[PDB]
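Below you'll find the structure, written out as structure tokens, and then a few comments.
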Amino acid sequence: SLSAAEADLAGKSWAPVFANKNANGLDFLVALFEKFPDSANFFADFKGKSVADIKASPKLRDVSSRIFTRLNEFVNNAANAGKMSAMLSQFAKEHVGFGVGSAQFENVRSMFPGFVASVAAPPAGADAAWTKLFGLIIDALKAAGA
Ligand code: HEM
């Protein structure tokens, strides 16, 4: 886990993003696919398709939402190793099932801070809190076999 301090910083930077959940959740998903095109392949309707096709999809919102709703729960529990344990196991177990592994989260990690910053400048130290949090995610993926 993260320390309460770290956790606070991550929450603080997240607040503005989550404020506009629907629009921001969609933008995050699109930004990922733009920066890391290979990632669209892990999704049926999105593979073959262009970012423009994705943006136009009636499925976008359902996909990106689930992502934001879970991230929010990770942000909430970050400083409680216990909750994280369980959350991390279940998250990795689910992704590996789909063929997604840490390399994909290394990508998320890479572009995350920049994404948050495009919404509102984060507090000092928030960038490191997210990398740490994504770190926890990457490690869980590696333990789950990918
Ligand atoms: C930012 C971190 C991410 C969060 C918190 C997250 C969260 C989620 C959640 C909670 C589900 C289950 C949705 C449901 O209830 O049906 C899910 C499904 C899945 N995720 Fe992630 N995800 C993230 C990153 C990624 C990445 C990077 C990829 C691919 C590169 C990935 C690919 C998938 C796939 C293929 C599914 C299966 C669901 C489907 O077929 O639509 N996710 N993820």
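Ligands are numbered from 1 in the order shown, residues from 1 within each chain, and chains are lettered A, B, ... in the order they appear in the structure tokens.
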
Show which residues sit within 8 Å of residue 96 (chain A), as a ChimeraX atom specification. Count only C-alpha atoms, and ignore same-chain residues fewer than 5 positions away. /A:101,141,144-146

Around ligand 1, at most 8 Å away and counting only C-alpha atoms and all ligand atoms, which residues are there? Put them as a compact mmCIF listing (two decimals) with N, CA and C atoms, in the first residue's frame, please.
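Listing of result-v6.txt after writing:
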# COMPACT_ATOMS: atom_id res chain seq x y z
N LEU A 32 -5.49 6.50 -24.15
CA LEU A 32 -4.72 5.30 -24.01
C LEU A 32 -4.51 4.66 -25.37
N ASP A 38 -1.78 -0.67 -29.64
CA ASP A 38 -1.88 -2.12 -29.39
C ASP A 38 -2.97 -2.44 -28.37
N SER A 39 -3.16 -1.54 -27.41
CA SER A 39 -4.16 -1.84 -26.42
C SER A 39 -5.59 -1.99 -26.87
N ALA A 40 -5.91 -1.53 -28.08
CA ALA A 40 -7.30 -1.66 -28.47
C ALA A 40 -7.71 -3.05 -28.87
N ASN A 41 -6.66 -3.80 -29.21
CA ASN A 41 -6.72 -5.19 -29.63
C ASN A 41 -7.32 -6.10 -28.60
N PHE A 42 -7.11 -5.80 -27.29
CA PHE A 42 -7.65 -6.60 -26.16
C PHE A 42 -9.15 -6.48 -26.07
N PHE A 43 -9.74 -5.60 -26.89
CA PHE A 43 -11.18 -5.37 -26.93
C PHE A 43 -11.75 -5.70 -28.31
N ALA A 44 -12.78 -6.55 -28.36
CA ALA A 44 -13.42 -7.01 -29.61
C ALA A 44 -13.89 -5.99 -30.63
N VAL A 63 -17.58 0.86 -21.25
CA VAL A 63 -16.24 0.42 -21.04
C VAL A 63 -15.43 1.38 -20.20
N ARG A 66 -16.56 1.64 -16.20
CA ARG A 66 -16.18 0.59 -15.31
C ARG A 66 -14.75 0.82 -14.87
N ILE A 67 -13.96 1.30 -15.79
CA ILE A 67 -12.65 1.59 -15.43
C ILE A 67 -12.62 2.67 -14.37
N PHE A 68 -13.32 3.80 -14.53
CA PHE A 68 -13.25 4.88 -13.54
C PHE A 68 -13.84 4.50 -12.18
N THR A 69 -14.87 3.69 -12.21
CA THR A 69 -15.52 3.30 -10.99
C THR A 69 -14.56 2.45 -10.15
N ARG A 70 -13.75 1.63 -10.83
CA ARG A 70 -12.84 0.79 -10.07
C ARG A 70 -11.64 1.57 -9.56
N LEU A 71 -11.16 2.49 -10.35
CA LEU A 71 -10.00 3.29 -9.99
C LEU A 71 -10.28 4.13 -8.77
N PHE A 74 -9.95 2.04 -6.00
CA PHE A 74 -8.56 1.83 -5.61
C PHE A 74 -7.99 3.00 -4.85
N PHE A 91 -8.33 -7.86 -9.21
CA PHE A 91 -8.10 -7.08 -10.40
C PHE A 91 -7.17 -7.81 -11.37
N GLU A 94 -8.77 -10.97 -12.92
CA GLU A 94 -9.65 -10.59 -13.99
C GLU A 94 -8.95 -10.21 -15.29
N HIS A 95 -7.94 -9.35 -15.22
CA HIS A 95 -7.23 -8.93 -16.43
C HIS A 95 -6.44 -10.01 -17.15
N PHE A 98 -8.19 -12.05 -19.60
CA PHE A 98 -8.44 -11.43 -20.87
C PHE A 98 -7.19 -11.34 -21.75
N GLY A 99 -6.03 -11.68 -21.23
CA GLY A 99 -4.77 -11.64 -21.97
C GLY A 99 -3.99 -10.35 -21.69
N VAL A 100 -4.48 -9.52 -20.75
CA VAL A 100 -3.82 -8.26 -20.39
C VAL A 100 -2.81 -8.56 -19.28
N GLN A 104 0.87 -3.76 -20.28
CA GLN A 104 -0.24 -2.88 -20.53
C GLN A 104 -0.42 -1.87 -19.43
N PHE A 105 -0.16 -2.27 -18.18
CA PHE A 105 -0.27 -1.37 -17.06
C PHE A 105 0.95 -0.47 -16.95
N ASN A 107 2.15 0.83 -19.51
CA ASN A 107 1.70 1.85 -20.42
C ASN A 107 0.78 2.84 -19.71
N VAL A 108 -0.23 2.34 -18.98
CA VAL A 108 -1.14 3.15 -18.19
C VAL A 108 -0.37 4.05 -17.25

Per DSSP on the backbone, what are the helix (DSSP H, G or I) residues of chain A, as an MDAnalysis selection string? chainID A and resid 4:19 21:35 37:42 51:55 60:77 81:98 102:117 126:143

CA of residue 88 (chain A) to CA of residue 136 (chain A): how many Å, to one decimal?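 These atoms are spaced 7.6 Å apart.
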
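Restricting the calculation to only C-alpha atoms, the smallest distance between residue 87 (chain A) and any of A:3, A:50, A:57, A:72 is found for A:72.
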
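In terms of minimum interatomic distance to residue 118 (chain A), A:27 ranks closest within A:73, A:62, A:106, A:27, counting only C-alpha atoms.
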